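1. give me the fold of what follows.
(2 chains)
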Amino acid sequence: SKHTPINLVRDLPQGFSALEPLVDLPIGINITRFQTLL
Amino acid sequence: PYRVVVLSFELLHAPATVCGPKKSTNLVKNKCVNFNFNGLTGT
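-> Numbering: from 1, shown residues only, chains lettered A, B, ... in the order given. Provided below are the atomic coordinates:
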């Protein structure tokens, strides 16, 4: 994960940023699809 | 009567979570030592 401030609209910001690890969970289950919650 | 409690040992094909503790000894400095930091073995 990574967070960054932006003052832009309707476009992916131009820049470079790295995503640090957050938590490792070894559930050991198979996954094929996903969907967010909103 | 004689109450009986049985602990079951199960090892399925998946990453493990709970198991025996590992003792971490003292931390020495300024000496040649064979060390082991969370599984990383070296000298």
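2. which strand or helix spans residue B:32?
-> Counting by DSSP states H and E, there is no helix or strand that carries residue B:32.
3. would you mind naming what in chain A lies close to chain B?
-> A:26, A:27, A:28 (C-beta under 8 Å from any C-beta of the partner chain). (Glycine included, C-beta is placed from N, CA and C.)
4. out of the residues you listed, the closest to residue B:39 would be?
-> residue A:26 (15.3 Å; C-beta to C-beta).
5. what sits against that closest one?
-> By C-beta atoms under 8 Å, 6 or more residues apart in numbering or on different chains, residue A:26 lies in contact with B:14, B:15, B:17.
6. tabulate those residues (TSV), appending distance to residue A:21, secondary structure and neighbour count.
-> As requested, the contacts of residue A:26 are arranged in TSV below (distance: C-beta to C-beta, whole Å; DSSP: H, G, I helix; E, B strand; the rest coil; neighbours: other C-beta atoms under 10 Å in any protein chain shown):
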residue	distance to residue A:21	secondary structure	neighbour count
B:14	21	coil	10
B:15	17	coil	10
B:17	19	coil	7
